[PDB]
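One structure is given below, encoded as structure tokens.
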Amino acid sequence: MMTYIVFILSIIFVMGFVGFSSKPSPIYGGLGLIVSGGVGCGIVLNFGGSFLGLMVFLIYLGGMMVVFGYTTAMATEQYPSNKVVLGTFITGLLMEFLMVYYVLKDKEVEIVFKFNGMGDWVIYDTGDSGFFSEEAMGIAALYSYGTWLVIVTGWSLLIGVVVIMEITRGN
Amino acid sequence: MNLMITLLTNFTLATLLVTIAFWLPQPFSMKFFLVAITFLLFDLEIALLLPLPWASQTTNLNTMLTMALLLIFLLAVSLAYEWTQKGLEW
Amino acid sequence: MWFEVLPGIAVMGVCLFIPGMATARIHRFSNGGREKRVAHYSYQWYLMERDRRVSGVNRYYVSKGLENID
Amino acid sequence: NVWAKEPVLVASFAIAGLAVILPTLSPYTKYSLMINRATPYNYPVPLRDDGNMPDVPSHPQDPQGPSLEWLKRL
Amino acid sequence: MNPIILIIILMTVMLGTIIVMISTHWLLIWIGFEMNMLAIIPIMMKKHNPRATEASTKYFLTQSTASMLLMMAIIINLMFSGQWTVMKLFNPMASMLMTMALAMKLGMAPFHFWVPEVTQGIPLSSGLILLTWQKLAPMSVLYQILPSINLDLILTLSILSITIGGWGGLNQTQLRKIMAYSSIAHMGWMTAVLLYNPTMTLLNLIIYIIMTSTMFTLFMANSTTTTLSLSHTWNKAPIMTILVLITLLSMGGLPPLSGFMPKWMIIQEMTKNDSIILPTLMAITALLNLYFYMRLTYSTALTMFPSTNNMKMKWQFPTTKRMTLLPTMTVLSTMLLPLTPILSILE
Amino acid sequence: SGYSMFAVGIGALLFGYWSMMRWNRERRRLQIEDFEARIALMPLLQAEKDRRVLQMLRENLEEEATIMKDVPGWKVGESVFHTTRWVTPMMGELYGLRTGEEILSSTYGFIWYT
Amino acid sequence: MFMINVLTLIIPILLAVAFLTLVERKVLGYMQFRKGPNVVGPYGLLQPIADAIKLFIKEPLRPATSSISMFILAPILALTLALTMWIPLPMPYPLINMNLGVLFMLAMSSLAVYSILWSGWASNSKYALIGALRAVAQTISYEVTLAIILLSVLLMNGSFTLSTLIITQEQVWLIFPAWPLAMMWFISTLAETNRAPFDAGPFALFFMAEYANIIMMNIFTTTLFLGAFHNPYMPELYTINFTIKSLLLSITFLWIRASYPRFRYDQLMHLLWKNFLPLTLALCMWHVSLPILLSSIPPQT
Amino acid sequence: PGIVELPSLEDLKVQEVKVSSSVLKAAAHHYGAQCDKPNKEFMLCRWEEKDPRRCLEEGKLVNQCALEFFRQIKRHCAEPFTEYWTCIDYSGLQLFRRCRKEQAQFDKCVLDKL
Amino acid sequence: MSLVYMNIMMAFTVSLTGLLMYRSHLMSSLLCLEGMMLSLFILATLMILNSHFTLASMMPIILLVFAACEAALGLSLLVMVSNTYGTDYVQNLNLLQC
Amino acid sequence: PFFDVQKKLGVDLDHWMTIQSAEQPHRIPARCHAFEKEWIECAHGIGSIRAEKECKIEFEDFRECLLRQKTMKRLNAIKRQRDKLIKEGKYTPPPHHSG
């Protein structure tokens, strides 16, 4: 309910990554990655971020986690939580809270960097008169400039199809 | 964040509804597997295609015509490949 | 026949008739009788920002035209 | 022949073959390129006064410059 | 496994290596490594044993995390001075992550735990193509980004690669694990020179690829996995014996034979700096990694192990394979000592 | 009736294409009129933009000259950069010490309006 | 007033779902010869509201103490998708003027597939779980076809903005330049609503999610291919004719629900891939290659 | 480094064109017709030298040209220009195709008396 | 230094450790690799958005389509491993020894 | 090796994605355009080491354009001094909306 909304969504993003990086059951991992992908889409849309951030949400949370949970469920289940997972989640939460505290009550945080501690509404553009939605025209390339690029991308996709059928018993 | 306001209001409405509904009672097939991966690959090529209508105006329309037809023609090549090589059957 | 089923379809269509009319009524009611200014691009938003700045009431519906020149 | 075996596939190949061939032979592709080129997104900038060009007209009403007319002329 | 499909997959391996070589943009470097992975997985599992399945699994996990670490280093590079050119980097952390990604990509001693395992459970054609192309293609990228590397990275990984690929290797009777440990030793020998003169690195790459092609061709002529099978190939045919002799002694790096041109020219353009303790340490470890070559030779063609019969039955049927290119590569790999001024073929 | 149904389907299809072509060309005429609007309108808005950002810069430098008189070093209008060019400000040079409402209306206003 | 706009969106949809249940049951009763039932309530309305409160107050026979988190997240996700996804649908002036909304519709359809998978996993390792896995497959194999067809019918809009769609649909409709593509899209909507011919608790809430998804796809149909001319300073006319076309298409959706047998799953996947997917490719490449033929590329503003 | 130089508010005060966006969008083409002969000096200044705090004099000149144009459209024909911009005002995003009758009225007016 | 970059790089290191240390499963490891992919996607996309570097906005979409087909290959390999066994543990891969 | 069939065939497949200040699809600039134009025109025909020792100033200028490190440092010090003197109790400040 304040200005630091990109920071708050980044904090819940790191919350979700820890929440499935503590190695749970893989369907709970898929749930945690769904939460992380939703709030990361929120981050990239708050930088705006109109086209591409919701574009990938159709793929990343529209075409990937379905197959992930699919092959999760039909391969194995192992119906039983464990103390090591809860301990790793507590250590991840403690690392999160310690980084937040040393961003709040200090100036800079060094891993080997100098992060200026304030929610970045700045830097940001000074409202330039587009009238063409810059990133949409960006992705509206690949077709008048992307000669070699879409050729090798579609080529690798065709090879992906033939690789999948060969490994799953070509022909 | 206004759609976040809408989403939060509807999530709270649905959550209060479900909590009232629950706190007031008063093997495997490989043929199943290939459909998901085939979905995955063709949906990735959909993600390549679908920024075409944002692209529909430019200086070089023939290059866009050529590469867009190459994209859909490769999609048809892969589909017809697994069609002829008896993959997606039962 | 269908002489008796048209009341059910009619009331369900009225249930599909209220929300767009209420939304259009609230858009006309919450902008001083104006249609709501959409902002697809950065240009229309900058033009809307100077609109809400030259109001004085910090509200972009008044639009105070042509009698502010003299 | 093949029309009775798999008809929808043959119809798809036929409409696909006209989708490949047909954009060459057309009286409208150069019109498409002209319509698509001649829409100004950014500002057409002024430039330095004279190299004594018989072009670059000093007034936007002056007809000495390359303009479009075939929008209105069908 | 249709021949059209194999021609397509080998053409995609060629295309991945060409896209690695030819581009001036980081996205095509990542796409080249990635397409090389995606194409080199079904050269493995040409059989259907679970050995090849688990080997392709191990290779996929290590190769893919190396690719993701590479992409992390490139995104840090664009966080700093922002352009997608293949040149000097602008962060020691980014160059650190990138050299560790390429070190996992082609094998160093903290990273080599996938190499003998993935070479054990695959046939010899897949091992040949993965060794040659997967150790060829990232050397181009290191050759392009050499002016911006912290030296302790490359040199610690190279020293450790030579000594671990030496020490691990005196305890394997399998053929493929011997060849994999030899690959690790030669990756170390190429990497240690890279900040000094990279012509030596590319020439050592050419020599090691020709040597490995001769080695795997002399194992493709007669299906062997252990040294006992090598002694039975002593019994069936005599020319395979002397060529295993000469190519093993040229893997060892002895002066009249053409495996000494890589080591000694590296010694030259290493010691025209003031580094002397590092050449003598590397070359004593080059004395060390010759012993398993020498016991291999004692098994094959110098002593003679007693052979089972049915060689009496195998004598009627001559070795009617086709070799890829055995005699040309043999005489070019072993008789190429006095053409050391073909060093300057390369600039 | 199969040939006749095919014929009437292709006829209705071609009629739809012809009408859609005509309406899209008139639509392109109207979009070129919109471009004329933004072109002829622009320099007045550019002048107002320049005056407003120079006004906030002079105000904020005077604010800094008040607020930092108790520190060593610190000249009042220190260019961070070395070359003497008008670099575009970063909205932190512009919208600083404003406390909340106006900076949320100006920075993130377009992103979560409409 | 914006939360009041939210409430005036989300209050009529629940009444819309329950009265859709009465309308579908009584129009089955006046297609198939069962002239009724209408005794409970005058013309049958108190029977749907009592059916809603009956599914509210029903004795549980309670099996449901298994995997609390998944069992509380599957119906909540299905209902929040089905109840939030009329926001970009442009009943005359939409609730949020999203710059791109049809891709947002497709993303929420895939999240509904996630909720189906979560209920299938919460169905406790069963032949019902295998049937739910087949339902996931026959729901996921049509978001290819629906997205590609949607792409080609918005290629005549030029932009995703959907107000440009209501601009394009004034002279003629979008059924005439694409009738086979709209036919295949309608069949894809029959597949995505998971109903005939294409086939634990709270069953009432997954029921709610199904029917709100159907009315979403019908309103999205009526915007996408049909409609009337919008008039400013008179939105009520567009509301009238839009509601009439959506109601007629929903009754025709019932009219196809009644009179067809179900399909075997082999025939369903064979049908999808080997009949729709090359024909979608061919119609889509022809709708790509047509604006270069007719000098009509649509104005992305 | 060398500190920045900014003009103070002894110079950065021209009487602004205090009309809103609707009428300023509606009056575009005639603003391009009579005026906007000397604005291209301003715009050429801005595009050649990438420095505002340099071309502000020509910004003052284009601002007084716009204010004189609107004073001339207030003095002469006509009064239903108010009708024209209040007709284009409530039409959502300003299409030039909705209120075209009064555009024809305004064109006949301006051809009659200006 | 755009503070959100700090927590997103932190999330990258979190997902990297989740990839590297992993117990008795491969689906969770591949899913953490997918999370690391998402981290690279978000980080590169915030960079390209704030820098207005418009022509090379192909990096996020091409990064994600290529690493998505990587994930598809990994799922096919996991299905092959679980086909030649009963389960898909990190255990029972103990053959083909070093 | 760094083969240059890229340059031999005369195909600009990889010289447009590569750097800033190229030809964008609509002819638009970048955020730090002129900084890279001056830096590249400083270090064009230079052997990448005296390019370090001579074109360093414009490179640091471009880096502080890109990340804006020191400018955010200055803004942060301004806000911290603002906080300590408003806690001390001098001039509850009317620079916003007034003087």
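Every chain is named by a letter (A, B, C, D, E, F, G, H, I and J) in the order it is written, and numbering of its residues begins at 1.
By our rule, a contact is a pair of C-beta atoms (placed from the backbone, for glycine too) under 8 Å apart; a residue touches a chain by one contact, two chains touch by 3 or more.
Placing every chain at the mean of its C-alpha atoms, the farthest one from chain J is found to be G.
Here the chain pair with the top count of touching C-beta pairs is A-I. With centres set at the average Cα position, the gap from chain C to chain F is 23 Å. Chain D and chain H have Cα centroids lying 33 Å from one another.
Between chain A and chain B the centroid-to-centroid distance comes to 18 Å (mean Cα coordinates, whole Å). Inter-chain centre distance (chain E to chain I, centres taken as mean C-alpha positions): 28 Å. Shared interface positions of chain F, defined as residues touching 2 or more other chains, are 25, 28, 30-31, 34, 38-39, 42, 45, 48, 53, 78, 80-82, 85, 88, 90, 92, 96, 106, 110, 112-114. For chain J, residues touching at least two other chains, in rising order: 14, 16-18, 20, 25-26, 28, 31-32, 34, 66-69, 72, 75, 79. Counting partners per residue, chain D has 16, 19-20, 23, 29, 32, 35-36, 39, 41, 43 as the residues that reach two or more other chains. Listed in rising order, the residues of chain H touching chain G in the complex are 90-92, 98. Residues 8-9, 11-13, 15-16, 18-20, 22-23, 26, 28-29, 31-32, 35-36 of chain D touch chain G in their complex.
Touching chain J in their complex are the following residues of chain F: 59, 63-64, 66-68, 70-71, 78, 80-83, 85, 87-88, 90, 92-93, 96-99, 102. Within the complex formed with chain I, the residues of chain E that make contact are 27, 30-31, 34, 37-38, 41, 50-51, 53-57, 60-61, 64-65, 67-68, 71-72, 75, 78-79, 82, 84, 113, 116-117, 120-121.
The part of chain G that touches chain H in the complex is made up of residues 232-233.
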